[PDB]
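Down below is the structure, laid out as structure tokens.
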Amino acid sequence: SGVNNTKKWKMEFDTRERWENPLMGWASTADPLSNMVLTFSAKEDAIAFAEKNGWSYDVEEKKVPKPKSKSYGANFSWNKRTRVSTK
Amino acid sequence: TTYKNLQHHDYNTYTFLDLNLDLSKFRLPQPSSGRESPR
Amino acid sequence: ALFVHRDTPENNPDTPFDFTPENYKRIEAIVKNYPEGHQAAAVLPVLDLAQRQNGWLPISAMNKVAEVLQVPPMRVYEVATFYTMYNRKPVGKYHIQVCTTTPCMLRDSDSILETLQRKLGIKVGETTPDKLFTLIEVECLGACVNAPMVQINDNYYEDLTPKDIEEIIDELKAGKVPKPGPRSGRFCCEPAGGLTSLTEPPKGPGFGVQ
Amino acid sequence: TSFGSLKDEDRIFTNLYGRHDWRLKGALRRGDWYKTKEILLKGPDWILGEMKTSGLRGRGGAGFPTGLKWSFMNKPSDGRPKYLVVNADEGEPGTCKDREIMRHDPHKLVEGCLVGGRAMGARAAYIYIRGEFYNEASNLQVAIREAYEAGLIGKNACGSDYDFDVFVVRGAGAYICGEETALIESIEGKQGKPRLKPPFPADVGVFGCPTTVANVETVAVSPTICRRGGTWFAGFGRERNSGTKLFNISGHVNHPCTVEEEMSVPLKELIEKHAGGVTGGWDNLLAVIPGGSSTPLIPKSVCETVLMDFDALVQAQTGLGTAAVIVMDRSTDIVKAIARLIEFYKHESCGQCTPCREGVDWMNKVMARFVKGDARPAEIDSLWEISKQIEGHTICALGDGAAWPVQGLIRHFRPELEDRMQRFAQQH
Amino acid sequence: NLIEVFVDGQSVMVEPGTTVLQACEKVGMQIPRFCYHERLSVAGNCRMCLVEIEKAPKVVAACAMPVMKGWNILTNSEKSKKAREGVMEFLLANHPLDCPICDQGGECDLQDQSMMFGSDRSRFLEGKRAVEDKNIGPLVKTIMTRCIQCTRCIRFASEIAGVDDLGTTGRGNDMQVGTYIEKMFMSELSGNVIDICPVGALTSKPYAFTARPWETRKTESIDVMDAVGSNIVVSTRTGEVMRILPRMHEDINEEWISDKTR
Ligand SMILES: Cc1cc2nc3c(=O)[nH]c(=O)nc-3n(C[C@H](O)[C@H](O)[C@H](O)COP(=O)(O)O)c2cc1C
Ligand code: SF4
Ligand code: SF4
Ligand code: SF4
Ligand code: FES
Ligand code: FES
């Protein structure tokens, strides 16, 4: 339930071939970038870096929670349906 | 003088409920939450 | 103790149980003490009632109560495990229980507990093979003044010593319904021997009035 | 003044020892149900002002001014009805008083419930008692049968048009249920588990309907206050500790007893005047428990010369509660006594609060080790720190009830423990 | 209609019927959590959400208390940190030493909160407790000597899935959480108590014993088992799938997904 990860803006690459070695069974790769994750503090700056290095960027906008009204006392209500059968 | 509350030595294990059953004729109608139940 | 259910051949949902018609009368009268909706308060006294109809509370009884009151049965199981008096395991004829809390203790509940154990031959946490007397040690019961006391099925017996309890025990092993109350001369709660209060009669309805 | 030294004409709870009858007849004779109709006419505000003038405080637990506790609820209604509840429960070790009040004075209790419901514009009163008190619930239900059949209760209360109802309830053998909120929850059928303050029963609670809670003694005395004047009552007590009181003396005493008395009275006078004297000789006395398990002990140096009231006990670092005076002497393991007192809680803690559920048992085990000294000292300070961790970080006062005894035992009687430990080490 | 607060001097505007914790969130300071989940009801069992309230002595629980105009809150102060230390000492008194085995090894809210807000050792030279394990289904592997008794499962069930079979049975340390019988808690939504129970008590049987989180390269995808659009986190390992998780979309799946797709 931690929220010190949903603070940054991260740049990753699409994935690529990731097969199994025949000798023992490890996982190899033809691409070096697969594990190149980069940090940023702003979408504008990230976009600047991306379009600067020339790649083709695609965004995933921010999914932010909503605010809610937790009138605890409601659990112990009279007319409502919220009334729980537990404690 | 002498202890007086000796009218329960014969109170079996049903008297409270028999009394409730009798009083339920003298009680008043309980309020209605306008509902079946909160489920 | 245990707070779990293993379906033995004696305690299973098919176990025999049912609510008599007069029990149903009492049910209706009870539930008519509470509002339309919020008709679950019946649970506690209903279960005490089923206990009085048969000393022990089985899975089948719980399910029957839940179906009667139209309630999820876990809200019955929770209660049956929470409260004590609700006997979930079979009980004998006399559900003896003795206070061990500090006052009764320092006024020697231990001697009487020991004499009771020695008399019935059996130890706390079990009963006779004939399934007659179930002994327990428990906490306070409201007799913290007539300290050394007991409870049996519904009545108390206070301010007593090993001789007194042995007498009562043989008296009960005989088919007797003894008289509920202290057994050390005192009547209800007064200081033994003599008094210092309520010696003079009371005053009249109108007194000290504004 | 030297308080106490009371008159059995002012002592209220007559028939205490059941030497008279407890029916409607003997009650009317004693002075029950006198112009209750005129009172219902006078209405709530006058009653509340009378109680405030009296300055009464509460018996159950800490002293919360009843006048304010009830003004909280004095209010119009919005369809949501309003209920009263009576905490007849009695499990706090050393308390045998409400049981007597009921089996010997039920009509007065009903009268008080009625007056309180009228003050709060109520509809009914739920009297919640334990399960072991089947005889008492029976006597009380019988008295209510008589009252209904007479006409002092129900549709027409006593001649007015006030519709009031009384209902009785048994628990199942729990103690926590004697708490202002888990009581309500047990009534509703939910497990006997408390709630969070806020919100408060005085605005939200039982069946989601506003309600008030009250102790049997308070509800039973309020009518006598209202019909006698209040100022006279307050005159029998100090500025804040006003009123008479019930005491229950038990333990190491020639003649244990239940008694009525005045507030702010010397404990020494109390014990040596009634009860026929302390056992084995005063000097054999070691310490006391003036409020049952919900309070910590105090040794000779303050058991003597002290008063008895919420204030001047707080100053003494303790509380009063139910006035369950236990007494001991130099013949008991204080440690074994207190360890059993704490195992009581370890058995009768509901469990939903983490500190309760996981610290009460810690305490019980560490004290069971202290019993035999198979430990080492600094566990003492560890336990003290645990208690200070628990105190405020819970819901119901039971946390303080479980901590306070240990705090007092360890602020007073450390050398006993230290010597037990050194002696056990000697014995290997 | 608004209401004011001054946290650490810092000011905030909120609504009524609000909570200390939602305010501290509006500001940014995350408050601890054991018995809270924005998509559930509220209780005060855990008692780790405690804070200090300037001008008032006693601590409160920021999961239930509604904020009163003019309060200065204090989160990282002395009484608060001490409360948390004590509370976690209590919890970890009995939580057995199954951290390695516990499939929730690197994601354990309790691990993290002990490492950060708790203390550095236990003053518990005493014995622990254990409890029987329950069979509840072929999906939800139950160990129950780890339930800190937060009640998340209970509330989630009794509210979302309308099951009404789970509950607490007992009082004191002897308490347990689970049906009183060998019933089966199978439902289209059984399979989120896994993500909700912060501890590794209700683990997933298939994934169990197969891998750990940090090893994984969490990619992001969706579901096709139904036409809903449940955003999903697909966990990889050395070029292979190992587990599936929900992904928070406040509209479509809202931190809940189906047994089938997972
Ligand atoms: C844990 C606990 C147990 C209690 N048990 C009893 C009891 O058994 N009998 C009683 O008369 N009061 C008991 N009380 C006192 C209650 O606090 C009281 O009924 C109510 O909360 C306050 O009512 P009052 O202000 O009129 O005294 C208990 C309180 C607590 C916290
Ligand atoms: S402090 Fe203990 S007894 Fe009181 S509500 Fe919390 S867990 Fe229950
Ligand atoms: S939940 Fe798992 S990782 Fe966390 S403390 Fe318990 S055993 Fe250790
Ligand atoms: S099993 Fe998990 S979710 Fe359920 S009460 Fe215990 S810790 Fe909370
Ligand atoms: S001291 Fe034994 S009943 Fe309370
Ligand atoms: S988060 Fe507040 S007590 Fe659990």
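Please note that chains go A, B, ... in the order of the structure tokens, that every chain numbers its residues from 1, and that ligands are numbered from 1 in the order shown.
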* Please give the complete set of residues from stretch 46-244 of chain D that DSSP, run on the backbone, assigns to alpha helix (DSSP H), formatted as a ChimeraX atom specification. => /D:46-54,66-71,98-104,106-119,134-150,182-188,216-228,231-234
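For residue B:37, the set of protein, DNA and RNA residues having any atom at most 8 Å away, when counting only C-alpha atoms and skipping those fewer than 3 positions along the same chain, is residues 36, 37, 38 and 39 of chain C.
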Just the selected residues (N, CA, C and O atoms), exported as a PDB file, in the first residue's frame, please.
ATOM      1  N   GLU C  36     -38.913  -3.336  13.588  1.00  0.00           N
ATOM      2  CA  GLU C  36     -38.968  -3.919  12.254  1.00  0.00           C
ATOM      3  C   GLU C  36     -37.670  -3.591  11.531  1.00  0.00           C
ATOM      4  O   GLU C  36     -37.321  -2.417  11.370  1.00  0.00           O
ATOM      5  N   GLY C  37     -36.957  -4.620  11.094  1.00  0.00           N
ATOM      6  CA  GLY C  37     -35.566  -4.442  10.745  1.00  0.00           C
ATOM      7  C   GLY C  37     -34.756  -4.398  12.021  1.00  0.00           C
ATOM      8  O   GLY C  37     -35.287  -4.039  13.075  1.00  0.00           O
ATOM      9  N   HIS C  38     -33.479  -4.762  11.953  1.00  0.00           N
ATOM     10  CA  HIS C  38     -32.662  -4.892  13.154  1.00  0.00           C
ATOM     11  C   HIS C  38     -33.236  -5.966  14.070  1.00  0.00           C
ATOM     12  O   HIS C  38     -33.242  -5.833  15.294  1.00  0.00           O
ATOM     13  N   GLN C  39     -33.724  -7.047  13.463  1.00  0.00           N
ATOM     14  CA  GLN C  39     -34.346  -8.148  14.184  1.00  0.00           C
ATOM     15  C   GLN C  39     -33.370  -9.291  14.423  1.00  0.00           C
ATOM     16  O   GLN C  39     -33.761 -10.462  14.420  1.00  0.00           O
TER      17      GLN C  39
END
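Set the cut-off at 8 Å, count only C-alpha atoms, and the residues of chain A near chain D turn out to be residues 73, 76, 77, 78, 79, 85, 86 and 87 of chain A.
Proximity to chain C at a cut-off of 7 Å picks out residues 3, 9, 13, 17, 20, 21, 24, 30, 31, 32, 33, 35, 36 and 37 of chain B on chain B, counting only C-alpha atoms.
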Please check which protein, DNA or RNA residues sit within 9 Å of ligand 2, counting only C-alpha atoms and all ligand atoms, and write them as a PyMOL selection string.
(chain D and resi 176+179+182+192-196+345+348-357+360+390+393-400) or (chain E and resi 44-45+171-172)
Write a file of the selected residues as a CSV table (one decimal), in the first residue's frame, keeping N, CA, C and O atoms.
chain,number,residue,atom,x,y,z
D,176,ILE,N,-16.6,-7.6,29.2
D,176,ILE,CA,-16.4,-6.4,28.3
D,176,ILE,C,-17.7,-5.8,27.9
D,176,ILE,O,-17.8,-4.6,27.7
D,179,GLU,N,-19.2,-2.3,28.7
D,179,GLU,CA,-18.7,-1.1,28.1
D,179,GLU,C,-19.7,-0.4,27.3
D,179,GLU,O,-20.5,-1.0,26.6
D,182,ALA,N,-19.7,-1.8,23.3
D,182,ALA,CA,-19.9,-3.2,23.0
D,182,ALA,C,-21.1,-3.7,23.7
D,182,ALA,O,-21.7,-4.7,23.2
D,192,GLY,N,-19.6,-9.0,21.0
D,192,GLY,CA,-19.5,-8.1,22.1
D,192,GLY,C,-18.2,-7.3,21.9
D,192,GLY,O,-17.2,-7.4,22.7
D,193,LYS,N,-18.1,-6.5,20.9
D,193,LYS,CA,-16.9,-5.8,20.5
D,193,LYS,C,-17.2,-4.3,20.5
D,193,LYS,O,-18.2,-3.9,19.9
D,194,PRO,N,-16.3,-3.4,21.0
D,194,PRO,CA,-16.6,-2.0,21.1
D,194,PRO,C,-16.5,-1.3,19.8
D,194,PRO,O,-16.3,-1.9,18.7
D,195,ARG,N,-16.7,0.0,19.8
D,195,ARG,CA,-16.6,0.9,18.7
D,195,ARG,C,-15.7,2.0,19.0
D,195,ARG,O,-15.0,2.0,20.0
D,196,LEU,N,-15.6,3.0,18.1
D,196,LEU,CA,-14.7,4.1,18.3
D,196,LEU,C,-15.4,5.4,18.7
D,196,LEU,O,-16.5,5.7,18.1
D,345,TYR,N,-8.0,-10.4,32.8
D,345,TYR,CA,-8.1,-9.7,31.6
D,345,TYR,C,-7.7,-10.5,30.3
D,345,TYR,O,-8.3,-10.4,29.3
D,348,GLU,N,-10.6,-12.1,29.4
D,348,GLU,CA,-11.8,-11.3,29.1
D,348,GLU,C,-11.4,-10.0,28.4
D,348,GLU,O,-11.9,-8.9,28.7
D,349,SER,N,-10.5,-10.1,27.4
D,349,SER,CA,-10.3,-9.0,26.5
D,349,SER,C,-10.8,-9.4,25.1
D,349,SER,O,-10.5,-10.5,24.7
D,350,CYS,N,-11.6,-8.6,24.5
D,350,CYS,CA,-12.3,-8.9,23.3
D,350,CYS,C,-11.3,-9.3,22.2
D,350,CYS,O,-11.3,-10.5,21.8
D,351,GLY,N,-10.4,-8.4,21.8
D,351,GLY,CA,-9.2,-8.7,21.1
D,351,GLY,C,-8.9,-7.9,19.9
D,351,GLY,O,-7.8,-8.0,19.3
D,352,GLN,N,-9.8,-7.0,19.5
D,352,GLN,CA,-9.6,-6.4,18.2
D,352,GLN,C,-8.5,-5.3,18.2
D,352,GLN,O,-8.0,-5.0,17.1
D,353,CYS,N,-8.2,-4.8,19.4
D,353,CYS,CA,-7.0,-3.9,19.5
D,353,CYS,C,-5.7,-4.7,19.6
D,353,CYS,O,-5.6,-5.5,20.5
D,354,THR,N,-4.8,-4.4,18.8
D,354,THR,CA,-3.5,-5.1,18.8
D,354,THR,C,-2.8,-5.0,20.1
D,354,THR,O,-2.3,-6.0,20.6
D,355,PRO,N,-2.6,-3.8,20.7
D,355,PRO,CA,-1.9,-3.7,22.0
D,355,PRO,C,-2.5,-4.5,23.1
D,355,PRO,O,-1.8,-5.2,23.8
D,356,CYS,N,-3.8,-4.4,23.3
D,356,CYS,CA,-4.5,-5.3,24.2
D,356,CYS,C,-4.2,-6.7,23.9
D,356,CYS,O,-3.5,-7.4,24.7
D,357,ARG,N,-4.6,-7.2,22.7
D,357,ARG,CA,-4.5,-8.6,22.4
D,357,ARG,C,-3.1,-9.2,22.5
D,357,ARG,O,-3.0,-10.4,22.9
D,360,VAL,N,-1.4,-7.8,26.8
D,360,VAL,CA,-2.0,-8.4,28.0
D,360,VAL,C,-1.4,-9.8,28.3
D,360,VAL,O,-1.0,-10.1,29.4
D,390,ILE,N,0.9,0.8,26.4
D,390,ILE,CA,-0.5,0.4,26.2
D,390,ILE,C,-1.5,1.5,26.6
D,390,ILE,O,-2.5,1.7,26.0
D,393,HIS,N,-3.1,3.9,24.0
D,393,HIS,CA,-3.1,3.5,22.6
D,393,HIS,C,-4.1,2.3,22.4
D,393,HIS,O,-3.8,1.3,21.9
D,394,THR,N,-5.4,2.5,22.9
D,394,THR,CA,-6.4,1.5,22.8
D,394,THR,C,-7.7,2.2,22.6
D,394,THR,O,-7.8,3.4,22.2
D,395,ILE,N,-8.8,1.5,22.8
D,395,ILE,CA,-10.2,2.0,22.6
D,395,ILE,C,-10.9,2.1,24.0
D,395,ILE,O,-11.2,3.2,24.4
D,396,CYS,N,-11.1,1.0,24.6
D,396,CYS,CA,-11.8,1.0,25.9
D,396,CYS,C,-10.8,1.1,27.0
D,396,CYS,O,-9.6,0.8,26.9
D,397,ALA,N,-11.3,1.6,28.2
D,397,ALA,CA,-10.5,1.8,29.4
D,397,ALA,C,-9.8,0.5,29.8
D,397,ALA,O,-8.9,0.6,30.7
D,398,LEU,N,-10.1,-0.6,29.3
D,398,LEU,CA,-9.5,-1.9,29.8
D,398,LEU,C,-8.0,-1.9,29.6
D,398,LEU,O,-7.3,-2.6,30.3
D,399,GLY,N,-7.5,-1.2,28.6
D,399,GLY,CA,-6.1,-1.0,28.5
D,399,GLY,C,-5.5,-0.4,29.8
D,399,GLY,O,-4.5,-0.9,30.4
D,400,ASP,N,-6.0,0.7,30.2
D,400,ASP,CA,-5.6,1.3,31.4
D,400,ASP,C,-5.9,0.4,32.6
D,400,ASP,O,-5.1,0.4,33.6
E,44,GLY,N,-10.6,0.2,13.7
E,44,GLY,CA,-9.5,0.7,14.5
E,44,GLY,C,-8.7,-0.4,15.1
E,44,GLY,O,-8.1,-0.2,16.2
E,45,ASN,N,-8.7,-1.6,14.5
E,45,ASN,CA,-8.0,-2.7,15.1
E,45,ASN,C,-6.5,-2.5,15.2
E,45,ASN,O,-5.9,-2.6,16.3
E,171,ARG,N,-12.0,-14.7,21.5
E,171,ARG,CA,-11.6,-13.5,22.1
E,171,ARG,C,-10.2,-13.8,22.8
E,171,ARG,O,-9.9,-14.9,23.2
E,172,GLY,N,-9.4,-12.7,22.8
E,172,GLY,CA,-8.0,-12.9,23.3
E,172,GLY,C,-7.1,-13.4,22.2
E,172,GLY,O,-7.5,-13.6,21.0
Counting only C-alpha atoms and all ligand atoms, what residues are within 8 Å of ligand 6, given as a PDB file with C-alpha atoms, in the first residue's frame?
ATOM      1  CA  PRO E  32       0.913   3.981   8.127  1.00  0.00           C
ATOM      2  CA  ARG E  33      -1.841   1.478   7.490  1.00  0.00           C
ATOM      3  CA  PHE E  34      -2.887  -1.955   8.545  1.00  0.00           C
ATOM      4  CA  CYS E  35      -6.702  -1.912   8.772  1.00  0.00           C
ATOM      5  CA  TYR E  36      -7.418   0.647   6.033  1.00  0.00           C
ATOM      6  CA  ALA E  43     -12.101   0.033  11.806  1.00  0.00           C
ATOM      7  CA  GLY E  44      -9.503   0.692  14.470  1.00  0.00           C
ATOM      8  CA  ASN E  45      -8.012  -2.727  15.104  1.00  0.00           C
ATOM      9  CA  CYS E  46      -4.378  -2.380  14.056  1.00  0.00           C
ATOM     10  CA  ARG E  47      -3.641   0.856  15.938  1.00  0.00           C
ATOM     11  CA  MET E  48      -0.648   1.980  13.910  1.00  0.00           C
ATOM     12  CA  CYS E  49      -2.260   5.096  12.373  1.00  0.00           C
ATOM     13  CA  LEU E  50      -1.704   7.147  15.514  1.00  0.00           C
ATOM     14  CA  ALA E  61      -6.463   7.136  15.068  1.00  0.00           C
ATOM     15  CA  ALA E  62      -6.305   8.915  11.728  1.00  0.00           C
ATOM     16  CA  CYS E  63      -8.403   6.250   9.996  1.00  0.00           C
ATOM     17  CA  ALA E  64     -11.617   7.172  11.830  1.00  0.00           C
ATOM     18  CA  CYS E 150      -6.758  -6.659  10.484  1.00  0.00           C
TER      19      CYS E 150
END
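Neighbouring residues of ligand 5 at a cut-off of 6 Å, counting only C-alpha atoms and all ligand atoms, are residues 99, 101, 102, 103, 104, 140, 141, 142, 143, 144 and 147 of chain C; 93 and 94 of chain D.
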Kindly export the residues of the current selection with C-alpha atoms, as a tab-separated table (two decimals), in the first residue's frame.
chain	number	residue	atom	x	y	z
C	99	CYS	CA	-14.61	-18.30	41.13
C	101	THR	CA	-10.38	-14.42	41.00
C	102	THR	CA	-8.25	-12.61	43.57
C	103	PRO	CA	-10.79	-12.05	46.41
C	104	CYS	CA	-12.35	-15.52	46.34
C	140	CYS	CA	-15.92	-13.11	39.05
C	141	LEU	CA	-19.68	-13.53	39.26
C	142	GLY	CA	-20.94	-10.69	41.46
C	143	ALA	CA	-20.43	-12.41	44.83
C	144	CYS	CA	-17.08	-10.74	45.51
C	147	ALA	CA	-16.27	-14.60	48.47
D	93	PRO	CA	-13.94	-7.96	40.83
D	94	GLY	CA	-15.14	-6.67	44.18
| Contacts of ligand 3, 7 Å or closer, only C-alpha atoms and all ligand atoms, given as a VMD selection string | chain E and resid 95 to 100 102 to 106 108 to 111 146 198 to 201
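Of the listed residues D:363, D:324, D:380, D:166, the one whose atoms come nearest to chain B is D:166, with distances taken using only C-alpha atoms.
Selecting all polymer residues at most 6 Å from ligand 1, using only C-alpha atoms and all ligand atoms, gives residues 58, 59, 60, 61, 64, 87, 88, 89, 90, 91, 92, 176, 178, 179, 180, 213, 214, 215, 396, 397 and 398 of chain D.
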